[PDB]
Amino acid sequence: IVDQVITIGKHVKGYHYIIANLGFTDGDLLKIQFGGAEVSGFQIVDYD
Amino acid sequence: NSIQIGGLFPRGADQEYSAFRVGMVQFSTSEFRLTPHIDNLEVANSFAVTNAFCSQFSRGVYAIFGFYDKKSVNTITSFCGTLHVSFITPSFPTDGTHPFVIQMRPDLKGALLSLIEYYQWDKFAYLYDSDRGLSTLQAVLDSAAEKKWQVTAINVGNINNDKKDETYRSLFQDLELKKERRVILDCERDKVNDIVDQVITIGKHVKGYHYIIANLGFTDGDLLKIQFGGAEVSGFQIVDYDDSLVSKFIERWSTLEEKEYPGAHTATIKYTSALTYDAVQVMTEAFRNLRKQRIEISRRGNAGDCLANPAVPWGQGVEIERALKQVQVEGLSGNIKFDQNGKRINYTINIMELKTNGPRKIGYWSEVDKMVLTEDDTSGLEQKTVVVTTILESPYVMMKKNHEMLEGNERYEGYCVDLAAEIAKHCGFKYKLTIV
Amino acid sequence: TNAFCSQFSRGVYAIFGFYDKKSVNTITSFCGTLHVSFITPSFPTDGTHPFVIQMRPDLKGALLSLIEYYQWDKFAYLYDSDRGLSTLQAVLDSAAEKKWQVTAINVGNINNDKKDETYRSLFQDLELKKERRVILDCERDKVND
Ligand SMILES: *[C@@H]1O[C@H](CO)[C@@H](O[C@@H]2O[C@H](CO)[C@@H](O)[C@H](O)[C@H]2NC(C)=O)[C@H](O)[C@H]1NC(C)=O
């Protein structure tokens with residue numbers, strides 16, 4: 001879903017995504033990291 | 001009939017070399033046979049170029065086909081202009097009028113300048129490296145002055161590939177200072193994809209951005225990763241895969257053994273490679289015409305040393321160069337023809353826009369016709385001029401005092417005329433005021 | 001290339017000379033390879049070539065500063081290719097960050113048969129945008145012309 005969004009350009013500022021699982025940092029995030037859209041998610045494993 | 005020629009290839013130009021070999025077999029005849037001695041060299045290094053040339057000279061070649069960097073080209077145009085050695089290249093045109101250099105690459109500057117007035121740009125950002133000279137950048141700076149353009153030229157080639165990230169943000173902050181949306185890319189094909197990739201990541205490839213790729217190979221690189229972005233991408237093609245000549249070429253090309261002809265297993269070929277294939281045909285017709293005109297050209301001995309003092313050119317160099325420059329043939333890059341300096345003339349350049357279903361020609365450019373759009377107009381432009389009927393009554397609809405000199409909607413004035421505007425404005429349509 | 005080798009064959013220990021934008025690479029690559037040291041008053045290399053002792057100091061930094069001192073924002077930059085468009089790019093690279101409107105008119109390609117005409121055709125062409133601030137960037141002779 002990410003890659004598809006990336007290619008049609010729905011990851012710029014104004015857009016906003018909330019990833020609904022306990023593994024936000026379990027998957028790739030670099031490919032949306034600088035686009036402009038807002039990404040949110042949940043982490044159940046605190047590395048700190 | 002053993003004719004010796006010089007071959008100068010840069011390390012890792014594999015497809016260009018394979019194309020050179022298919023050209024060998026295809027245009028080889030039984031009248032004569034071109035015997036190519038190949039020199040694999042770091043074309044950027046001038047020392048190695050000077051050496052490799054002197055080697056080809058001392059062996060006794062009749063002409064050299066090769067490439068050059070802009071850093072190296074001067075060594076080439078010197079040793080060729082001096083020793084009358086003929087040089088054939090798909091590399092970029094020389095800054096001026098150099099003799100004994102047969103530049104297969106068509107001049108691109110004239111094409112690009114046409115396209116800019118076509119899209120009617122007035123303010124853009126020109127990005128570049130120096131690797132093909134700055135003779136193009138001079139062209140966009142002398143034009144901008146004469147046609148009122150504001151150009152933000154940024155040199156993006158000196159960027160180190162070791163810290164190649166902070167250099168891009170600060171680049172697109174300076175390119176966000178004037179909200180620059182129109183950008184030209186005049187770069188090495190490698191540098192092209194690196195920039196595109198970065199542009200995708202920061203999301204400057206949606207609707208509202210319009211990029212122009214300044215090279216002879218539009219469909220050469222990768223286009224699919226900004227094909228759905230929304231941004232419109234234009235560029236130039238010198239290899240038309242619709243020509244039956246090129247189409248028949250592709251069939252054998254795409255099917256060759258790849259262990260033997262590397263990078264030749266594709267449905268597309270780089271223009272750098274394609275020109276090399278065209279260059280072989282020219283080298284054949286050149287030496288064919290030299291015997292059909294019964295002119296003798298064989299070496300009267302060793303060329304010995306290229307640094308021989310004083311330098312004395314062999315005679316037939318004048319004759320050979322002329323033969324080359326008088327060639328007219330048809331190959332992969334459309335029609336081929338030269339002037340007295342070895343520059344392309346009368347050549348076609350396809351204009352391609354990136355769409356949804358892939359790259360697409362919207363027209364072609366000639367050095368004589370300038371910008372010509374192929375009659376492929378679409379029916380999409382609705383522009384349904386909504387016919388608005390009205391009556392000649394005061395003060396609803398009235399003729400203006402000098403309606404004669406005026407035309408269209410401007411002829412009439414009045415309440416309903418003013419209303420016709422407010423209606424069409426809020427409803428969004430172009431309309432024609434006509435009396436019943 | 002012939003002169004450099006002629007000097008080298010004799011076994012000189014160093015070489016003093018001048019070069020051009022259409023010959024600099026030759027001097028460098030043959031001095032980088034043969035480790036011959038070159039001492040030049042000519043314009044410095046657009047890089048980090050070794051064995052080349054450039055006597056003239058880098059100007060680039062100074063000119064940029066002086067323009068900033070005069071508080072300019074829109075000017076014309078007549079340039080000569082003869083010394084390598086390094087400085088032309090230096091002000092062009094800065095044109096964004098410093099916010100400049102630079103008109104870059106090449107001038108190192110005119111002939112002395114129509115010298116008096118083209119030079120007037122340039123200035124009666126900047127009577128268009130009506131700029132008054134110019135930079136010359138030329139070998140002294142192209143200045144006086
Ligand atoms: C200039 O280029 C044109 C178009 O590439 C060349 O035109 C072709 O000429 C041949 C031989 O007369 C015809 O068979 C073709 O039909 C033409 N191709 C076209 C028009 O697409 C022409 O040869 C070149 N002119 C000169 C003076 O060299």
# chains A, B, ... in the order shown; residues from 1 in each chain; ligands from 1
>>> residues_near_ligand(ligand="ligand 1", cutoff="12 Å", atoms="only C-alpha atoms and all ligand atoms", output="list in words")
residues 243, 326, 327, 328, 329, 330, 331, 332, 333, 334, 335, 336, 337, 338, 339, 344, 345, 346, 347, 348, 349, 364, 365, 366, 367, 368 and 369 of chain B
>>> residues_around(residues="region 77-80 of chain C", least_positions_apart="4", cutoff="12 Å", atoms="only C-alpha atoms", output="PyMOL selection string")
(chain B and resi 138+141-142+145) or (chain C and resi 21+63+67+84-92+95+100-110+119+122-123+126+131-143)
>>> interface_residues(of="chain A", to="chain B", cutoff="6 Å", atoms="only C-alpha atoms", output="PyMOL selection string")
chain A and resi 7-9+12+34-35
>>> closest_atom_pairs(of="chain C", to="chain B", cutoff="6 Å", atoms="only C-alpha atoms", output="Markdown table")
| residue | atom | partner | partner_atom | distance |
| --- | --- | --- | --- | --- |
| C:22 | CA | B:74 | CA | 5.9 |
| C:29 | CA | B:47 | CA | 5.6 |
| C:30 | CA | B:47 | CA | 5.9 |
| C:93 | CA | B:154 | CA | 5.3 |
| C:96 | CA | B:174 | CA | 5.5 |
| C:104 | CA | B:141 | CA | 5.9 |
| C:105 | CA | B:142 | CA | 5.8 |
>>> write_last_selection(atoms="C-alpha atoms", output="short mmCIF file (atom, residue, chain, number, x, y, z; two decimals), in the first residue's frame")
data_model
loop_
_atom_site.label_atom_id
_atom_site.label_comp_id
_atom_site.auth_asym_id
_atom_site.auth_seq_id
_atom_site.Cartn_x
_atom_site.Cartn_y
_atom_site.Cartn_z
CA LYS C 22 41.85 24.17 -23.64
CA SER C 29 47.48 14.79 -16.27
CA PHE C 30 51.09 14.69 -17.48
CA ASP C 93 25.71 28.86 -7.59
CA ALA C 96 19.95 31.30 -5.13
CA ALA C 104 25.16 36.29 -17.91
CA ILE C 105 26.21 37.56 -21.33
#
>>> closest_atom_pairs(of="region 161-202 of chain B", to="region 212-218 of chain B", cutoff="9 Å", atoms="only C-alpha atoms", output="CSV")
residue,atom,partner,partner_atom,distance
B:182,CA,B:212,CA,8.3
B:183,CA,B:212,CA,6.6
B:184,CA,B:212,CA,4.8
B:185,CA,B:213,CA,4.9
B:186,CA,B:214,CA,4.8
B:187,CA,B:214,CA,7.3
B:188,CA,B:215,CA,8.5
B:189,CA,B:215,CA,8.3
B:192,CA,B:213,CA,8.1
>>> closest_residue(among="B:160, B:276, B:247, B:234", to="residue 65 (chain B)", atoms="only C-alpha atoms")
B:276
>>> atom_distance(atom1="CA of residue 323 (chain B)", atom2="CA of residue 2 (chain C)")
29.5 Å
>>> select_by_dssp(residues="chain C", states="strand (DSSP E)", output="VMD selection string")
chain C and resid 15 to 16 38 to 40 52 to 54 74 to 77 101 to 103 134 to 135
>>> write_last_selection(atoms="N, CA, C and O atoms", output="PDB file, in the first residue's frame")
ATOM      1  N   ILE C  15      59.132  22.654 -13.969  1.00  0.00           N
ATOM      2  CA  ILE C  15      58.717  23.404 -15.149  1.00  0.00           C
ATOM      3  C   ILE C  15      57.901  24.641 -14.792  1.00  0.00           C
ATOM      4  O   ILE C  15      56.892  24.552 -14.091  1.00  0.00           O
ATOM      5  N   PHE C  16      58.347  25.793 -15.277  1.00  0.00           N
ATOM      6  CA  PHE C  16      57.572  27.022 -15.172  1.00  0.00           C
ATOM      7  C   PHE C  16      56.859  27.253 -16.499  1.00  0.00           C
ATOM      8  O   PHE C  16      57.479  27.161 -17.558  1.00  0.00           O
ATOM      9  N   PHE C  38      54.822  21.786 -11.668  1.00  0.00           N
ATOM     10  CA  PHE C  38      54.527  22.896 -12.559  1.00  0.00           C
ATOM     11  C   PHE C  38      54.282  24.173 -11.757  1.00  0.00           C
ATOM     12  O   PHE C  38      53.501  24.178 -10.807  1.00  0.00           O
ATOM     13  N   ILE C  39      54.961  25.250 -12.135  1.00  0.00           N
ATOM     14  CA  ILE C  39      54.776  26.536 -11.476  1.00  0.00           C
ATOM     15  C   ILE C  39      54.099  27.505 -12.438  1.00  0.00           C
ATOM     16  O   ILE C  39      54.682  27.884 -13.452  1.00  0.00           O
ATOM     17  N   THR C  40      52.868  27.899 -12.122  1.00  0.00           N
ATOM     18  CA  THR C  40      52.076  28.717 -13.036  1.00  0.00           C
ATOM     19  C   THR C  40      51.521  29.994 -12.409  1.00  0.00           C
ATOM     20  O   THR C  40      51.048  29.990 -11.273  1.00  0.00           O
ATOM     21  N   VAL C  52      51.261  21.092  -9.058  1.00  0.00           N
ATOM     22  CA  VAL C  52      51.026  22.350  -9.753  1.00  0.00           C
ATOM     23  C   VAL C  52      50.969  23.514  -8.774  1.00  0.00           C
ATOM     24  O   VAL C  52      50.009  23.664  -8.020  1.00  0.00           O
ATOM     25  N   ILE C  53      52.010  24.337  -8.798  1.00  0.00           N
ATOM     26  CA  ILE C  53      52.124  25.467  -7.888  1.00  0.00           C
ATOM     27  C   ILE C  53      51.541  26.724  -8.528  1.00  0.00           C
ATOM     28  O   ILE C  53      52.240  27.449  -9.237  1.00  0.00           O
ATOM     29  N   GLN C  54      50.260  26.973  -8.277  1.00  0.00           N
ATOM     30  CA  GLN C  54      49.569  28.124  -8.851  1.00  0.00           C
ATOM     31  C   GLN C  54      49.924  29.417  -8.123  1.00  0.00           C
ATOM     32  O   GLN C  54      49.535  29.617  -6.973  1.00  0.00           O
ATOM     33  N   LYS C  74      20.563  42.678  -8.494  1.00  0.00           N
ATOM     34  CA  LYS C  74      20.295  42.471  -9.910  1.00  0.00           C
ATOM     35  C   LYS C  74      21.391  43.120 -10.739  1.00  0.00           C
ATOM     36  O   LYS C  74      21.559  44.337 -10.709  1.00  0.00           O
ATOM     37  N   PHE C  75      22.139  42.306 -11.475  1.00  0.00           N
ATOM     38  CA  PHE C  75      23.236  42.821 -12.285  1.00  0.00           C
ATOM     39  C   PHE C  75      23.511  41.970 -13.523  1.00  0.00           C
ATOM     40  O   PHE C  75      22.979  40.869 -13.674  1.00  0.00           O
ATOM     41  N   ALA C  76      24.358  42.502 -14.399  1.00  0.00           N
ATOM     42  CA  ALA C  76      24.772  41.808 -15.609  1.00  0.00           C
ATOM     43  C   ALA C  76      26.212  41.335 -15.459  1.00  0.00           C
ATOM     44  O   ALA C  76      27.059  42.052 -14.928  1.00  0.00           O
ATOM     45  N   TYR C  77      26.487  40.125 -15.929  1.00  0.00           N
ATOM     46  CA  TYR C  77      27.812  39.542 -15.780  1.00  0.00           C
ATOM     47  C   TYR C  77      28.390  39.143 -17.134  1.00  0.00           C
ATOM     48  O   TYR C  77      28.204  38.014 -17.585  1.00  0.00           O
ATOM     49  N   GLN C 101      19.612  38.392  -9.189  1.00  0.00           N
ATOM     50  CA  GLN C 101      19.088  38.284 -10.548  1.00  0.00           C
ATOM     51  C   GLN C 101      20.209  38.534 -11.545  1.00  0.00           C
ATOM     52  O   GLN C 101      20.431  39.669 -11.965  1.00  0.00           O
ATOM     53  N   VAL C 102      20.912  37.476 -11.931  1.00  0.00           N
ATOM     54  CA  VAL C 102      22.104  37.629 -12.755  1.00  0.00           C
ATOM     55  C   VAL C 102      21.862  37.354 -14.237  1.00  0.00           C
ATOM     56  O   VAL C 102      21.403  36.277 -14.617  1.00  0.00           O
ATOM     57  N   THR C 103      22.176  38.342 -15.067  1.00  0.00           N
ATOM     58  CA  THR C 103      22.159  38.171 -16.512  1.00  0.00           C
ATOM     59  C   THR C 103      23.581  37.900 -16.987  1.00  0.00           C
ATOM     60  O   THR C 103      24.448  38.767 -16.893  1.00  0.00           O
ATOM     61  N   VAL C 134      27.219  46.224 -13.723  1.00  0.00           N
ATOM     62  CA  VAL C 134      27.840  45.223 -14.581  1.00  0.00           C
ATOM     63  C   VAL C 134      29.126  44.698 -13.942  1.00  0.00           C
ATOM     64  O   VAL C 134      29.742  45.379 -13.125  1.00  0.00           O
ATOM     65  N   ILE C 135      29.514  43.477 -14.299  1.00  0.00           N
ATOM     66  CA  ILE C 135      30.809  42.929 -13.912  1.00  0.00           C
ATOM     67  C   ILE C 135      31.528  42.508 -15.189  1.00  0.00           C
ATOM     68  O   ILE C 135      30.894  42.009 -16.118  1.00  0.00           O
TER      69      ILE C 135
END
>>> select_by_dssp(residues="region 250-429 of chain B", states="helix (DSSP H, G or I)", output="number ranges by chain")
B: 250-253, 271-292, 317-325, 415-427
>>> atom_distance(atom1="CA of residue 27 (chain C)", atom2="CA of residue 6 (chain C)")
13.2 Å
>>> atom_distance(atom1="CA of residue 210 (chain B)", atom2="CA of residue 233 (chain B)")
5.9 Å
>>> residues_around(residues="region 44-48 of chain A", least_positions_apart="3", cutoff="9 Å", atoms="only C-alpha atoms", output="PyMOL selection string")
chain A and resi 21-24
>>> write_last_selection(atoms="C-alpha atoms", output="PDB file, in the first residue's frame")
ATOM      1  CA  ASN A  21      -0.573  -2.320  14.421  1.00  0.00           C
ATOM      2  CA  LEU A  22       1.786  -2.704  17.384  1.00  0.00           C
ATOM      3  CA  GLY A  23       4.753  -2.809  15.020  1.00  0.00           C
ATOM      4  CA  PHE A  24       5.166   0.690  13.601  1.00  0.00           C
TER       5      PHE A  24
END
